[PDB]
Number of protein chains: 2
Amino acid sequence: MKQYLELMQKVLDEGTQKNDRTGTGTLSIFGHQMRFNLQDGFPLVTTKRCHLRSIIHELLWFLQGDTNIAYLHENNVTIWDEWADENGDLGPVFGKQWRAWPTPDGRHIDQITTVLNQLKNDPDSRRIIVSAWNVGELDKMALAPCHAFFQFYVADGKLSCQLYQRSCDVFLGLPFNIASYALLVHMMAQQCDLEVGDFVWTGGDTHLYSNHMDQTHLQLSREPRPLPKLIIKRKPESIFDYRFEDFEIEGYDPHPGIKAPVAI
Amino acid sequence: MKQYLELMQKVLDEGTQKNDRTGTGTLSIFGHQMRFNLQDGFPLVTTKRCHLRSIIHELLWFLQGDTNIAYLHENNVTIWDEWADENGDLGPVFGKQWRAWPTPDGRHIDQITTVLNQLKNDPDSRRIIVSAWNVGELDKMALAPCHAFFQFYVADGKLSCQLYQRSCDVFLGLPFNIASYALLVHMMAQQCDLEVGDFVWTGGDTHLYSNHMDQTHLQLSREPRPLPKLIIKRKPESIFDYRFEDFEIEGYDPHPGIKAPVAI
Ligand SMILES: C#CCN(Cc1ccc2[nH]c(N)nc(=O)c2c1)c1ccc(C(=O)N[C@@H](CCC(=O)O)C(=O)O)cc1
Ligand SMILES: C#CCN(Cc1ccc2[nH]c(N)nc(=O)c2c1)c1ccc(C(=O)N[C@@H](CCC(=O)O)C(=O)O)cc1
Ligand SMILES: Cc1cn([C@H]2C[C@H](O)[C@@H](COP(=O)(O)O)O2)c(=O)[nH]c1=O
Ligand SMILES: Cc1cn([C@H]2C[C@H](O)[C@@H](COP(=O)(O)O)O2)c(=O)[nH]c1=O
């Protein structure tokens, strides 16, 4: 997509060499923002084939409040295998914080239900927020949440959402993150009877790994195709009752997929 | 400042009318980012006089972990009076979350000390984060944290910082927020022996209140002056041992101050 390749090129032109946790090395910039008007089409990258099955099931998994990879395996999704322990557990990552953030006084707060209540009863609120960044449980998480914090906003009958992502693998992770949150905005808007507005992505350490350079040069030689359209076929009773089969991505005609290793 | 007046004008040109919590009404945009290179000068607005005393003492107060306004009063700072209860308390807002985030298992985490340790031992880390957004204590806070989440980044010997601000009063609050975080970056860099890099500000609901319009038009008619320079006169033993007297802002020559009411 145009915004996405512009970011790739910016990182190549302006990124500084940085060592990283994984020992791979990156080119890195700090602080970037882009905006996707969801009415223009579903922001799924077309200059390489993205695996929609993994994208959709990962989100349905977050929404169940699940942090064990068994559900993903049952559905032949293997994107989280490297970080799971021997029991398939990741610790209280995304889904657990979204659905059941534990309090000091022994309560569990379901942030997704709170948001739905705010959207339905106080849409002008400037506090419609979900955070995965639970300081008190970081030490138990397999990986600290990279997409850490997001905010909804309603104006003129449209639902917008901004994500803060502290750390972004531009080549592997970012195409998934964009499509994942665009999907959630479409689901939330359907449930609240709103139109889709903008998805605003904000990055902290936004980087290309040093062993993704050939792949990046390949992809940058490709022309983007027209964006596909997202069709939701059914309106479930709640945000927690969506199924893989409810989504149809129409007119997705990507360039070939590009293999790249993940930095563990 | 140039970036700051450009934002003001953008909100006037592109903002949509939105009702708000306070009942005042705003013009609002969603999602904005600007960058201040701290080597260019200290980003204190010059097209109106800013009260540095309130700015500096509020930060020293956050860093003590204090949430009662008595310290501010002792120093003739009245910016938090409207939201305090009868005992002068605000509940577990900024300072408490920064210094003593309470965990489920009964611990208190000092996020500022953790950050200092990360900067000193793992500067390439993509997880150098402080969050005030403690979901489990929101119901006890006088106002939910508007400057909610920030991240440090080190590259090439320079310290950068990005703030996510969920809600931004462009006229009254923003000049304070910019200068407040620029100050903390200078303090942190001094303590860690780094140079200052960029302060990146990211906003969610970024708005002008309807009863700030005359004031906004006045300020937009003014030419920005050269930025002042921040001098820190002493290197204290720790980040918690700074005093008001340690800071000197040299060459600050603002246009006159502009009175505006705060929306409660
Ligand atoms: C973001 C996110 C979720 N995640 C979780 C996740 C966990 C650790 C990470 N670590 C690093 N260094 N980068 C990542 O983006 C990353 C992502 C993903 C992890 C891997 C793939 C991946 O390897 N995708 C390949 C192959 C897909 C397949 O066919 O199975 C691809 O080509 O896209 C995608 C998403
Ligand atoms: C951000 C922040 C911290 N805060 C906390 C705070 C709390 C609630 C708020 N509520 C609203 N609606 N806008 C604000 O920006 C705001 C700010 C501030 C609050 C008030 C002033 C203020 O009235 N400043 C005046 C007068 C200063 C003086 O002389 O005492 C000014 O002209 O700047 C500044 C900062
Ligand atoms: C889970 C996840 C990881 N990542 C990448 C960012 C980093 O390169 C890496 C996480 O490593 P880090 O914790 O050291 O930042 O995984 C994404 O880009 N998006 C994601 O959703
Ligand atoms: C504390 C604080 C408030 N504000 C403003 C943003 C909003 O206009 C208002 C908070 O109200 P809200 O919780 O309804 O967003 O105060 C700032 O801009 N900066 C700050 O640091």
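Note on naming: letters A, B, ... go to the chains in the order of the sequence lines (proteins, then strands), and numbering restarts at 1 for each one.
Using a 3.5 Å distance cut-off with no hydrogens or angles, the side chains of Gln162(A) and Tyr181(A) do not pair a donor with an acceptor. Looking at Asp241(B) and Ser238(B), their side chains do bring a donor and an acceptor atom within 3.5 Å of each other. Of the N and O atoms on the side chains of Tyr164(A) and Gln151(A), not one donor lies less than 3.5 Å from an acceptor on the other residue. Side-chain contact of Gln165(B) with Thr202(B): a donor-acceptor pair under 3.5 Å is absent, judged by distance alone.
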Pairs of donor and acceptor atoms involving the side chains of residues 256-264 of chain B, under 3.5 Å and at least two apart or interchain, shall be tabulated with distances.
none

Cut-off 3.5 Å, no hydrogens considered: what does the side-chain donor-acceptor table look like for residues 5-17 of chain A, sequence neighbours left out?
unit_1	atom_1	unit_2	atom_2	d
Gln9(A)	NE2	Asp13(A)	OD1	3.0
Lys10(A)	NZ	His32(A)	ND1	3.1

Show me, pair by pair, the donor-acceptor contacts under 3.5 angstrom made by side chains of residues 130-138 of chain A, not counting sequence neighbours?
unit_1	atom_1	unit_2	atom_2	d
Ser131(A)	OG	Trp133(A)	N	3.0
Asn134(A)	OD1	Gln97(A)	NE2	3.0
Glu137(A)	OE1	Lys96(A)	NZ	2.9

(request) Begin with the C-alpha distance, continue with both residues' side-chain angles, and end with the deciding distance and a verdict on side-chain contact (heavy atoms from CB on, under 4.5 Å) for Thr24(A) and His207(A). (result) CA-CA 12 Å; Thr24(A) 310; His207(A) 50 264; over 6 Å; no

(request) Decide side-chain contact (heavy atoms from CB on, under 4.5 Å) for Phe244(B) and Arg53(B); before the verdict, give the C-alpha distance in whole Å, the side-chain angles of both, and the deciding distance to 0.1 Å. (result) CA-CA 8 Å; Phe244(B) 177 76; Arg53(B) 184 184 193 80; 3.8 Å; yes

(message) Determine whether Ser28(B) and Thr26(B) satisfy the following criterion, side chain to side chain donor-acceptor pair (under 3.5 Å), listing intermediate values before the conclusion.
(response) CA-CA 6 Å; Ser28(B) 169; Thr26(B) 65; 5.0 Å; no

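Considering only residues two or more places apart in sequence or on other chains, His212(B) meets the ring-ring contact (aromatic ring centres under 6.0 Å, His included) condition with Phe171(B), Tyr209(B). Every residue two or more places apart in sequence or in another chain was checked for a ring-ring contact (aromatic ring centres under 6.0 Å, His included) with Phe199(A), and none qualifies.
Salt-bridge formation is detected for the pair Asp20(B)/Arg126(A): a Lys NZ or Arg NE/NH1/NH2 atom is positioned less than 4.0 Å from an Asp or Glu carboxylate oxygen. The pair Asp156(A)-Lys158(A) does not meet the salt-bridge criterion, since no charged nitrogen lies less than 4.0 angstrom from a carboxylate oxygen.
Residue pairs meeting the ring-ring contact (aromatic ring centres under 6.0 Å, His included) criterion with at least one member in residues 93-117 of chain B, sequence neighbours excluded, are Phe62(B)-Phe94(B), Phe62(B)-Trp98(B), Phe94(B)-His147(B), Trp98(B)-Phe150(B).
Rounding to the nearest 0.5 angstrom, the gap separating the CG atom in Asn76(B) from the NE2 atom in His51(B) is 9.0 Å.
Taking the six-membered ring for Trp and thresholds of 30 and 60 degrees, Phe149(A) and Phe149(B) have ring planes inclined between 30 and 60 degrees apart.
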